[PDB]
Amino acid sequence: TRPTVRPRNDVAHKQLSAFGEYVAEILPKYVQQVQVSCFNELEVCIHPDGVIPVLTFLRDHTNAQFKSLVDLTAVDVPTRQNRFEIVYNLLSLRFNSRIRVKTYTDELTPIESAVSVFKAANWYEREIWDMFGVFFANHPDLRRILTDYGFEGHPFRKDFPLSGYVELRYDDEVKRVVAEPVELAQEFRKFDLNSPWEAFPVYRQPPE
Amino acid sequence: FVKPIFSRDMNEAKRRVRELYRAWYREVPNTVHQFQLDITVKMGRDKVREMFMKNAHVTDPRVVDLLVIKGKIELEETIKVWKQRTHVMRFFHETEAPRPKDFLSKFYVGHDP
Amino acid sequence: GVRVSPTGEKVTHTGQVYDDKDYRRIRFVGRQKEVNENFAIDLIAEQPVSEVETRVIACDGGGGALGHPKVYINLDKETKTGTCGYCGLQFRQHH
Amino acid sequence: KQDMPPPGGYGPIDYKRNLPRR
Amino acid sequence: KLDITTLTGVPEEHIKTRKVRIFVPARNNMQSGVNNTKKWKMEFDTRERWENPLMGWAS
Amino acid sequence: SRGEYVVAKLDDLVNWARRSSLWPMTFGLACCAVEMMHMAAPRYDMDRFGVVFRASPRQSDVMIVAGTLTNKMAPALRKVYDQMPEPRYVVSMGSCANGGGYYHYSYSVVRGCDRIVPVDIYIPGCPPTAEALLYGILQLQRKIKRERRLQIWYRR
Amino acid sequence: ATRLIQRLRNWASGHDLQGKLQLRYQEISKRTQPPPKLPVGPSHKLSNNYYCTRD
Amino acid sequence: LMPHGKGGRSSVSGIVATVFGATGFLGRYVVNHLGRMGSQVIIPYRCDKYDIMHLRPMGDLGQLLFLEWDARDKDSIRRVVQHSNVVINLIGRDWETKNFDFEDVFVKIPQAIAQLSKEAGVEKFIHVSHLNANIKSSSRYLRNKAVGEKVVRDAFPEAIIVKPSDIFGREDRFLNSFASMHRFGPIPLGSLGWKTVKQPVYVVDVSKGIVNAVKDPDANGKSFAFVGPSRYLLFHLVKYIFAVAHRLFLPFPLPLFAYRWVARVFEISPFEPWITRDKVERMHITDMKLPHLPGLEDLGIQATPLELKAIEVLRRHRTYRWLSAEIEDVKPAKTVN
Amino acid sequence: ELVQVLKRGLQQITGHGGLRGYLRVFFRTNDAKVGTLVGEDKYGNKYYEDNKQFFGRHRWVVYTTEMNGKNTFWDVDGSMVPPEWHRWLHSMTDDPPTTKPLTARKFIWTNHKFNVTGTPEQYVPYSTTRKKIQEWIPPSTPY
Amino acid sequence: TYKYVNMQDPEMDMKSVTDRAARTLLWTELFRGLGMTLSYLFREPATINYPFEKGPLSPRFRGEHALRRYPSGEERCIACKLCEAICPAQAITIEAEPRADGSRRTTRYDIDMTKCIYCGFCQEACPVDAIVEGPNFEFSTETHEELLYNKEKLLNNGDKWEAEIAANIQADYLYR
Amino acid sequence: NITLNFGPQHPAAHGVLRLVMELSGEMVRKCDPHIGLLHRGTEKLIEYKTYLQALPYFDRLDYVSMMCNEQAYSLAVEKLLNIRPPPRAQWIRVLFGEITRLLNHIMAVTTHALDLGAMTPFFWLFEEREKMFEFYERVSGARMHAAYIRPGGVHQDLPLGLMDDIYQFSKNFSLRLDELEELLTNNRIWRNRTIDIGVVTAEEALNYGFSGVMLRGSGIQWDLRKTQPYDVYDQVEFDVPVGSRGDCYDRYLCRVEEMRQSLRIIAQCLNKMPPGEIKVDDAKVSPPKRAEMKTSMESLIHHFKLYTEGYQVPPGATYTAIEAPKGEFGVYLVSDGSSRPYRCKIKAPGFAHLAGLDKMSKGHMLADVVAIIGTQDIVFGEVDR
Ligand SMILES: NC(=O)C1=CN([C@@H]2O[C@H](COP(=O)(O)OP(=O)(O)OC[C@H]3O[C@@H](n4cnc5c(N)ncnc54)[C@H](OP(=O)(O)O)[C@@H]3O)[C@@H](O)[C@H]2O)C=CC1
Ligand code: SF4
Ligand code: SF4
Ligand code: SF4
């Protein structure tokens with residue numbers, strides 16, 4: 001229960017918890033869950049219409065100066081209609097604390113841009129615009145990062161093939177590089193390594 | 001129901017597209033000369049008319065305005081003399097073989113759907 | 001002494017040589033098709049069959065942790081040799 | 001014969017720089 | 001009908017040519033585990049894959 | 001001392017002239033590159049061979065590609081290949097540039113570098129040991145040495 | 001490696017170089033070494049090893 | 001074998017071409033078109049490995065093959081054509097190589113290729129002459145084609161006889177030479193160009209047409225004669241060539257024999273001439289207007305006008321003052337019809 | 001001092017190649033060391049040994065000529081070395097194979113053909129594992 | 001735990017001052033620093049004399065693949081097809097089929113060095129220790145095709161190097 | 001003004017950037033850093049792979065330091081599996097984490113010198129980086145992209161030969177840094193090129209999330225070791241550089257100090273490695289020795305499983321920062337509990353720096369800009385991905 005096991009830090013869990021109810025007090029209007037795992041990792045909801053007003057508050061001291069948007073990590077789950085799950089990782093430097101505060105959005109919901117508030121999201125912007133289509137409040141430019149020029153796709157939508165539909169090559173008489181239909185050789189020979197028989201009864205969503 | 005991107009109802013959106021067409025329609029020769037396209041310029045304007053036709057089934061103003069957002073964003077890369085001649089030619093797919101919509105030929109080709 | 005194809009090129013140890021009709025054979029022209037001289041097949045039965053008066057045995061492929069996992073070959077039937085599932089080499093119980 | 005390589009001794013090293021005026 | 005047919009980057013050809021398959025995946029006959037019958041999944045219909053003239057690969 | 005023979009020895013002069021002093025251009029796109037530096041680090045040192053890291057796509061002749069070749073980057077590489085004067089050569093390097101490498105399946109990489117420029121020798125490796133690279137270049141020199149444009153012209 | 005050249009070299013050096021050999025000579029280490037045997041591992045005891053605790 | 005996959009570089013087709021003349025101008029194009037379809041293509045070559053290196057992109061791994069061979073030997077030709085199902089032929093040389101007399105280029109070699117193709121059981125041996133092939137005292141090379149046309153017509157009787165006229169492309173000898181005259185300065189022409197007329201044929205069309213010709217069972221002994229969209233008179237044609245080259249244009253008459261002498265002065269070089277006594281008459285010859293022979297659209301491929309193709313071919317010659325200039329503004333050359 | 005070094009030079013002049021041989025071995029291997037000790041030179045590729053030289057340079061080889069009944073010096077390269085000695089130059093093993101000759105099993109190659117990308121010998125990848133569907137046999141009988 | 005860099009304040013003392021101005025003029029230290037580069041001229045150069053000399057390599061070193069045999073001369077491969085399940089780039093392709101003798105045997109083992117990342121997983125993963133990441137490293141080719149190895153070429157590679165490979169394994173095997 | 005694309009082609013561009021400038025006479029106005037010329041898109045490529053398969057990807061992002069990347073993965077995977085490694089593995093991870101740090105800082109130093117045209121240190125020190133690649137080769141069989149650090153810990157035990165030569169290796173190295181001490185550190189030209197260039201106020205740094213020496217140069221003291229001694233750093237002695245001016249000269253001297261600092265640490269890690277497994281006891285995560293798998297059944301069974309479907313993380317999506325020498329490093333896992341990740345974003349420390357460069361660009365002449373890329377230790381591989 002020790003040589004392999006990583007010890008559970010109850011203390012920080014206690015402090016983060018208590019601060020968690022503290023914040024739960026402070027912004028009832030958007031804050032929801034106050035998740036607190038044994039990893040010492042706190043988490044909190046925000047409604048997307050509540051993106052900016054919460055985040056600004058975060059930067060300003062209460063007992064945690066949530067300075068430096070370290071990340072706007074993003075996840076797409078097709079099942080939920082609110083398929084997008086934008087996440088604000090954060091770190092109050094003065095208090096050496098860390099927190100994860102996320103949201104959700106639909107394909108045509110103009111979620112608020114923290115560009116005015118953090119500016120670090122001038123690109124967390126355009127990536128998460130481009131890879132997805134998560135339209136953003138008001139940004140100086142929504143021009144694509146990463147993906148090419150005429151490129152139409154939105155990879156990381158967890159949709160359409162990992163190769164994509166596009167596969168460019170130089171061509172002769174046109175004297176120029178041209179995009180072409182894929183035609184993969186050998187093909188990504190995907191292995192379904194999923195295991196029937198649950199190893200974790202403690203979890204397990206009920207059949208209901 | 002859900003809150004709109006920009007335009008609400010088609011006319012707030014329809015206003016934006018025309019702004020887009022001219023934004024291309026004037027820009028085209030500039031592109032014809034910056035990249036020295038061998039295409040006759042009317043072909044360019046025709047393609048300009050065509051890409052505005054592929055989006056004919058659009059009916060939600062959020063879809064229209066999001067399409068002109070992305071289309072103006074493409075215009076950004078165009079006007080700033082970004083891209084390359086090849087990228088301009090990607091719209092043409094001229095290297096690719098023509099597709100026979102006729103079913104009989106589709107029979108003759110391969111297994112297909 | 002690999003069996004020779006009608007085209008004259010040697011067949012693979014997994015026999016599969018191309019048809020005389022086959023255009024693909026053109027690839028080998030100006031070049032050399034390569035096939036291994038040492039078929040493992042002949043070398044399987046080339047070896048003398050080991051025999052032990054006992055009963056159940058344990059082959060390891062020679063070399064502790066330098067070969068196949070330890071394996072217990074049965075010799076219930078003297079009518080046949082006990083070929084390894086790994087080494088491929090036979091065993092028997094002489095008496 | 002159990003073994004592996006734990007340290008055999010290891011003498012002093014100087015991370016400190018010297019820049020003589022000479 | 002909130003179509004995102006254009007909002008997606010997919011070629012029109014792949015949206016015209018085929019229907020997809022919504023279903024709930026079957027349990028292994030060869031195995032006891034019921035565990036994958038749970039959770040729905042959708043998969044596109046398979047197409048022809050000619051062999052690679054070289055090396056005999058899938059193409 | 002006859003007619004054809006002089007053309008042969010004369011050809012030897014030019015192919016020797018070129019193989020004896022390649023000027024590969026710096027262009028590494030990934031961690032293949034930090035082997036390439038070690039090809040030119042003193043322990044190995046490519047320079048004895050007369051070869052040198054020139055800049056620019058013109059004074060340089062052979063184009064040693066290195067590292068991953070994404071969608072976006074590729075046309076630039078094409079153009080650069082066009083940029084260099086004859087007799088340009090290219091040396092593929094790294095499993096990625098060999099044909100998309102580790103990443104061969106992605107919308108990202110452009111698979112085989114040979115899809116863009118007519119690569120002349122491939123160097124397997126992820127990344128190749130710098131010495132393997134050096135050996136690949138020795139192969140490029142032997143490859144030039146066996147080339148004989150002048151002799152063909154005489155009998156053309 | 002001549003000594004006068006060593007003197008003049010260390011002279012310009014401001015440092016002994018012979019005191020910290022730069023080029024790696026004879027000492028190195030032997031390539032061919034006697035077998036490792038390796039640590040036995042803490043939980044290879046047979047008396048108890050129920051997964052309920054080590055997990 | 002038979003086709004599989006969507007028609008592209010990785011999809012297969014049963015084609016097994018042996019394109020002689022791949023080293024030259026047209027050959028890289030026809031190889032590009034066979035290769036684009038994913039058909040495998042043999043490429044026999046004699047010039048050197050380096051010369052065709054640029055073709056390597058055109059194929060996909062196994063799709064291309066390279067084979068050295070002597071024209072002088074027959075057996076090599078036998079080896080290269082063995083697995084061929086189709087055998088396209090493009091060997092030629094306008095200026096006539098010294099060591100290999102022009103006669104062989106359109107006589108002995110095409111014939112050996114034809115017989116061996118017959119022994120090979122080639123599904124479709126194919127040969128490419130020209131619209132100006134009917135025997136003429138002018139242009140021995142043009143005269144020689146007629147003999148090759150017949151010998152090929154006999155040794156392999158069901159051979160197609162392609163007759164393309166003045167194909168123009170980026171590397172075309174015919175279009176470029178006219179563009180190259182600015183370096184010359186003055187612009188001689190045999191009694192100007194008013195007496196003669198031409199109907200030049202675009203090359204990508206000729207190539208794709210060769211492909212679709214391979215694809216058509218119906219063609220066999222058919223003597224195809226490719227023709228351009230438009231039948232421009234030669235003088236107004238040069239007018240257009242510099243009209244797009246934007247170079248200074250100073251035409252003048254010159255006697256055909258007198259021009260022939262200067263061409264003879266230029267034939268002295270082992271180095272390849274820009275001008276030759278073949279080229280003289282091969283220019284001065286008019287293009288025959290033939291209706292009865294099969295149409296270009298029989299292959300389903302539309303004719304592409306030179307005006308839609310010229311500026312890309314000639315931008316390299318136009319001066320920087322003009323090198324970046326709009327296309328529409330040159331105004332098209334006058335048509336005889 | 002310096003006279004000692006000049007003596008080193010004369011000593012490596014006369015310590016190998018005598019006169020006309022030294023110029024040749026020097027224009028072949030640009031190194032000019034005394035041929036200290038000797039290797040097993042199976043194909044004439046002598047594997048000279050020494051230690052005073054700094055690490056990495058203490059083992060070396062002179063390849064001689066026509067390996068595998070083909071080619072020549074002025075075309076020397078890698079892959080010319082045999083696999084045992086190939087282990088020896090890389091100093092994976094302090095001990096030259098001389099002292100510890102390897103297993104010499106029946107199926108391993110003996111001449112060692114080295115790399116051959118050009119020339120008629122040339123690897124060809126190809127389809128393996130025969131056929132698939134076996135297309136139906138046409139009747140030979142009329143009617 | 002932190003340390004300031006620099007920050008230190010120079011002396012105003014006149015000796016030290018005139019010394020610094022003497023650096024400002026007569027450059028002094030440049031030459032001192034300059035002198036240092038001279039020290040390199042007198043050191044022995046570090047180049048290995050490739051290819052007549054070659055760089056040191058550990059026995060572990062990863063390189064060209066090779067299938068290898070039993071001491072008996074049977075191939076070690078049993079087509080367990082887990083090495084196919086591990087190759088992170090999935091270069092490997094295997095069709096296991098029965099032997100006429102009945103043993104499991106690959107009919108078309110193959111791997112392309114174009115997609116191999118030489119992580120050398122498969123050297124570890126194989127239960128029968130079939131495939132081995134051999135010593136050889138120098139094998140650049142004129143063409144792409146020569147990279148896409150059949151089982152055949154790999155077997156040949158196991159033929160040329162088996163003495164060597166088995167030797168290195170003889171050196172290494174305890175660690176695994 | 002004059003619009004101008006720059007790299008990749010410039011040696012200064014490191015084959016990656018295309019930061020177009022709309023230059024005036026030579027003073028910059030517009031100066032946008034385009035990226036996605038290297039974007040390998042590994043985020044989806046991580047998703048379809050067993051967690052043991054993900055491991056190479058991190059050698060593939062930080063080209064130079066390598067072991068630290070993999071350690072950045074082993075920490076983040078062992079968290080969800082709650083697994084605590086045998087100590088020897090951690091002493092190793094620190095040992096080669098620091099030797100990777102030496103390689104990384106030697107890289108940044110000598111290349112930054114190359115853009116300043118110094119030439120020589122390059123050749124004076126790669127002679128050393130081969131000396132270290134000889135070591136990763138001695139422990140991994142690969143000169144670089146060694147996979148030797150693993151989620152269970154480590155592939156394999158250290159060969160007996162190292163423990164001496166490595167000491168020998170660092171017996172002399174301090175002098176080799178002395179040779180630089182006699183160059184740029186004191187040299188006149190060098191100060192002018194870098195003094196008072198790209199100075200950054202503490203707040204912009206805290207806004208953009210600058211980290212590492214890039215904070216420590218401008219005086220912010222934020223650190224990922226002493227604040228969170230996630231491994232043996234808690235036992236290790238060392239001391240952290242902090243800059244004053246925010247001068248590149250400052251950041252420089254810091255990196256030189258960290259190099260000294262690893263000279264301090266690696267001494268102690270050589271001084272303190274326990275005997276013990278370098279792997280977890282569990283065969284349900286850490287695979288059996290070849291000697292045991294080939295007799296005992298269960299060892300071979302789980303062997304067969306980890307090499308085919310692998311260990312299964314309990315379901316969860318998480319994020320972990322890493323003390324990369326270049327800054328905070330991003331490990332954003334999203335795991336459904338299947339060995340396949342559901343998603344995995346990777347924040348590169350250099351991403352924020354490049355986001356911040358244009359703020360430092362405008363109002364500076366082009367040489368200032370060339371100075372700036374070398375200011376920030378940016379290997380572009382990690383940044384677009
Ligand atoms: N506009 C036009 O050019 C027209 C052309 N044609 C005819 O069609 C054919 C195709 O024209 P095009 O491809 O432009 O001409 P090219 O000269 O470009 O093609 C001929 C190629 O065949 C090679 N070749 C032929 N015979 C030999 C030989 N005996 N030894 C060595 N090499 C040989 C040539 O040299 P190598 O391969 O050795 O480099 C060259 O590469 C020509 O034969 C021409 O008469 C007809 C109408 C119009
Ligand atoms: S080749 Fe393999 S190693 Fe070299 S860069 Fe591309 S991926 Fe990284
Ligand atoms: S190594 Fe031999 S046995 Fe192990 S998987 Fe690859 S092929 Fe099957
Ligand atoms: S070498 Fe590395 S990558 Fe290639 S197969 Fe063996 S393990 Fe997979």
# chains A, B, ... in the order shown; residues from 1 in each chain; ligands from 1
>>> residues_around(residues="residue E:22", least_positions_apart="6", cutoff="9 Å", atoms="only C-alpha atoms", output="PyMOL selection string")
chain E and resi 40-44
>>> write_last_selection(atoms="C-alpha atoms", output="short mmCIF file (atom, residue, chain, number, x, y, z; two decimals), in the first residue's frame")
data_model
loop_
_atom_site.label_atom_id
_atom_site.label_comp_id
_atom_site.auth_asym_id
_atom_site.auth_seq_id
_atom_site.Cartn_x
_atom_site.Cartn_y
_atom_site.Cartn_z
CA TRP E 40 -23.63 3.16 -28.64
CA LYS E 41 -21.36 3.69 -31.61
CA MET E 42 -21.59 4.79 -35.21
CA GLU E 43 -19.40 3.63 -38.07
CA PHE E 44 -19.21 4.32 -41.80
#
>>> residues_around(residues="residue A:22", least_positions_apart="6", cutoff="12 Å", atoms="only C-alpha atoms", output="list in words")
residues 15, 16, 28, 31, 34, 62, 63 and 64 of chain A
>>> residues_around(residues="residue A:128", least_positions_apart="6", cutoff="12 Å", atoms="only C-alpha atoms", output="PyMOL selection string")
(chain A and resi 71-76+84-87+111+113+121-122+134-136+142-147+154-157) or (chain K and resi 345)
>>> write_last_selection(atoms="C-alpha atoms", output="short mmCIF file (atom, residue, chain, number, x, y, z; two decimals), in the first residue's frame")
data_model
loop_
_atom_site.label_atom_id
_atom_site.label_comp_id
_atom_site.auth_asym_id
_atom_site.auth_seq_id
_atom_site.Cartn_x
_atom_site.Cartn_y
_atom_site.Cartn_z
CA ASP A 71 -3.75 27.00 -20.70
CA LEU A 72 -7.05 27.00 -22.53
CA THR A 73 -7.02 23.23 -23.02
CA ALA A 74 -9.82 22.00 -25.28
CA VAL A 75 -11.78 18.75 -25.68
CA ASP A 76 -14.55 17.69 -28.07
CA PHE A 84 -17.04 21.38 -26.73
CA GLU A 85 -15.42 21.47 -23.32
CA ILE A 86 -13.11 24.48 -23.12
CA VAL A 87 -10.95 24.35 -20.01
CA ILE A 111 -18.11 32.01 -26.51
CA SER A 113 -12.83 35.77 -25.69
CA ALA A 121 -5.29 33.65 -25.83
CA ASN A 122 -4.45 35.36 -29.09
CA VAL A 134 -15.33 27.46 -31.68
CA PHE A 135 -16.23 30.98 -32.76
CA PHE A 136 -14.96 33.64 -30.38
CA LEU A 142 -9.47 34.89 -36.68
CA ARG A 143 -6.98 33.85 -39.33
CA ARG A 144 -5.97 30.21 -38.99
CA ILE A 145 -2.91 28.98 -37.13
CA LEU A 146 -1.15 25.77 -38.17
CA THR A 147 -3.37 24.54 -40.98
CA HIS A 154 -11.20 21.16 -38.82
CA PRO A 155 -9.07 18.33 -37.42
CA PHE A 156 -9.50 17.67 -33.67
CA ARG A 157 -13.22 17.76 -34.23
CA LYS K 345 -2.83 18.72 -25.52
#
>>> closest_atom_pairs(of="chain K", to="chain G", cutoff="8 Å", atoms="only C-alpha atoms", output="CSV")
residue,atom,partner,partner_atom,distance
K:157,CA,G:38,CA,7.8
K:159,CA,G:36,CA,7.7
K:160,CA,G:33,CA,7.2
K:161,CA,G:29,CA,6.1
K:162,CA,G:29,CA,7.9
K:164,CA,G:29,CA,7.2
K:165,CA,G:28,CA,6.1
K:171,CA,G:20,CA,7.0
K:172,CA,G:20,CA,4.8
K:175,CA,G:20,CA,7.4
K:275,CA,G:39,CA,6.7
K:276,CA,G:39,CA,5.4
K:277,CA,G:41,CA,5.5
K:281,CA,G:43,CA,6.5
K:282,CA,G:55,CA,7.8
>>> write_last_selection(atoms="C-alpha atoms", output="PDB file, in the first residue's frame")
ATOM      1  CA  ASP K 157      19.686  -1.008 -15.538  1.00  0.00           C
ATOM      2  CA  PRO K 159      25.915  -0.737 -17.442  1.00  0.00           C
ATOM      3  CA  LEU K 160      28.781  -1.065 -14.966  1.00  0.00           C
ATOM      4  CA  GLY K 161      31.176   0.973 -17.068  1.00  0.00           C
ATOM      5  CA  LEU K 162      29.545   4.388 -16.863  1.00  0.00           C
ATOM      6  CA  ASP K 164      33.682   5.928 -13.685  1.00  0.00           C
ATOM      7  CA  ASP K 165      33.901   7.587 -17.053  1.00  0.00           C
ATOM      8  CA  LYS K 171      36.482  15.858 -14.083  1.00  0.00           C
ATOM      9  CA  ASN K 172      37.547  18.378 -16.701  1.00  0.00           C
ATOM     10  CA  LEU K 175      37.642  24.062 -17.428  1.00  0.00           C
ATOM     11  CA  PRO K 275      20.561  -0.461  -5.272  1.00  0.00           C
ATOM     12  CA  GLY K 276      17.050  -1.638  -6.148  1.00  0.00           C
ATOM     13  CA  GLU K 277      14.689  -2.345  -9.012  1.00  0.00           C
ATOM     14  CA  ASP K 281       7.088  -4.530  -8.916  1.00  0.00           C
ATOM     15  CA  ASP K 282       3.771  -4.880 -10.698  1.00  0.00           C
TER      16      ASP K 282
END
>>> residues_around(residues="stretch 47-60 of chain C", least_positions_apart="2", cutoff="8 Å", atoms="only C-alpha atoms", output="JSON, numbers by chain")
{"C": [43, 44, 45, 62, 63, 64, 67, 68, 69, 70, 71, 72, 73, 74, 75, 76, 81, 84, 89, 90, 91, 92, 93, 94, 95], "J": [72]}
>>> write_last_selection(atoms="N, CA, C and O atoms", output="compact mmCIF listing (two decimals), in the first residue's frame")
# COMPACT_ATOMS: atom_id res chain seq x y z
N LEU C 43 16.26 -28.06 -42.72
CA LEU C 43 17.06 -28.02 -41.51
C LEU C 43 16.26 -28.49 -40.31
O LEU C 43 16.82 -28.83 -39.28
N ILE C 44 14.94 -28.51 -40.45
CA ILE C 44 14.08 -29.02 -39.39
C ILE C 44 14.32 -30.51 -39.18
O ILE C 44 14.63 -30.96 -38.08
N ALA C 45 14.19 -31.26 -40.27
CA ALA C 45 14.28 -32.71 -40.22
C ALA C 45 15.71 -33.19 -40.37
O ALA C 45 16.00 -34.37 -40.18
N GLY C 62 17.59 -24.19 -26.12
CA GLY C 62 19.01 -23.94 -25.94
C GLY C 62 19.28 -22.50 -25.56
O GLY C 62 18.97 -21.58 -26.31
N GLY C 63 19.85 -22.30 -24.38
CA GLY C 63 20.12 -20.96 -23.89
C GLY C 63 19.01 -20.50 -22.97
O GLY C 63 17.89 -20.25 -23.41
N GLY C 64 19.32 -20.42 -21.68
CA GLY C 64 18.36 -19.92 -20.72
C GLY C 64 18.07 -18.46 -20.99
O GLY C 64 18.96 -17.62 -20.94
N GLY C 67 16.15 -18.14 -25.73
CA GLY C 67 15.30 -18.85 -26.66
C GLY C 67 13.85 -18.84 -26.26
O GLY C 67 13.39 -17.94 -25.55
N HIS C 68 13.11 -19.84 -26.72
CA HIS C 68 11.67 -19.89 -26.52
C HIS C 68 11.35 -20.17 -25.07
O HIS C 68 12.19 -20.68 -24.34
N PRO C 69 10.13 -19.83 -24.64
CA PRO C 69 9.74 -20.06 -23.25
C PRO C 69 9.78 -21.54 -22.95
O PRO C 69 9.58 -22.34 -23.85
N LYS C 70 10.08 -21.89 -21.70
CA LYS C 70 10.24 -23.28 -21.32
C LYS C 70 8.97 -24.04 -21.66
O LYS C 70 7.87 -23.56 -21.44
N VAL C 71 9.11 -25.23 -22.23
CA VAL C 71 7.92 -25.93 -22.67
C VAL C 71 8.01 -27.42 -22.39
O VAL C 71 9.04 -28.06 -22.59
N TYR C 72 6.90 -27.97 -21.91
CA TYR C 72 6.83 -29.35 -21.48
C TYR C 72 6.26 -30.26 -22.56
O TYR C 72 5.05 -30.33 -22.75
N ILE C 73 7.14 -30.96 -23.27
CA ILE C 73 6.70 -31.87 -24.32
C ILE C 73 6.32 -33.22 -23.75
O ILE C 73 7.09 -33.85 -23.02
N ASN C 74 5.11 -33.66 -24.09
CA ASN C 74 4.63 -34.98 -23.73
C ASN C 74 5.15 -36.04 -24.70
O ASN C 74 5.44 -35.74 -25.85
N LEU C 75 5.27 -37.28 -24.24
CA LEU C 75 5.64 -38.38 -25.12
C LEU C 75 4.73 -39.57 -24.91
O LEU C 75 5.19 -40.71 -24.85
N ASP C 76 3.43 -39.30 -24.78
CA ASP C 76 2.46 -40.35 -24.49
C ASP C 76 2.39 -41.40 -25.60
O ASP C 76 2.10 -42.57 -25.34
N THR C 81 6.92 -38.96 -33.07
CA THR C 81 7.91 -38.10 -32.43
C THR C 81 7.26 -36.89 -31.75
O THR C 81 6.18 -36.46 -32.14
N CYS C 84 8.70 -30.05 -31.08
CA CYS C 84 8.49 -28.88 -30.24
C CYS C 84 7.51 -27.93 -30.90
O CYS C 84 7.44 -27.86 -32.12
N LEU C 89 11.84 -29.18 -33.40
CA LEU C 89 12.67 -30.38 -33.43
C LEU C 89 12.00 -31.49 -32.63
O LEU C 89 11.39 -31.25 -31.59
N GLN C 90 12.14 -32.71 -33.14
CA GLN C 90 11.44 -33.87 -32.59
C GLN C 90 12.02 -34.42 -31.30
O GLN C 90 13.19 -34.22 -30.99
N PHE C 91 11.17 -35.12 -30.57
CA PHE C 91 11.58 -35.90 -29.41
C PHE C 91 10.86 -37.25 -29.40
O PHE C 91 9.83 -37.41 -30.04
N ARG C 92 11.41 -38.20 -28.65
CA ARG C 92 10.75 -39.50 -28.48
C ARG C 92 11.24 -40.14 -27.19
O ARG C 92 12.31 -39.80 -26.69
N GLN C 93 10.46 -41.06 -26.63
CA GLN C 93 10.96 -41.86 -25.53
C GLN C 93 11.40 -43.26 -25.97
O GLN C 93 10.58 -44.16 -26.14
N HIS C 94 12.70 -43.43 -26.17
CA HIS C 94 13.24 -44.76 -26.46
C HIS C 94 13.22 -45.55 -25.17
O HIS C 94 13.24 -44.98 -24.09
N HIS C 95 13.15 -46.87 -25.28
CA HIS C 95 13.09 -47.71 -24.10
C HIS C 95 13.86 -49.01 -24.29
O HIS C 95 15.10 -49.01 -24.28
N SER J 72 19.93 -24.71 -34.32
CA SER J 72 19.62 -25.81 -35.22
C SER J 72 19.54 -25.34 -36.67
O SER J 72 19.79 -26.11 -37.59
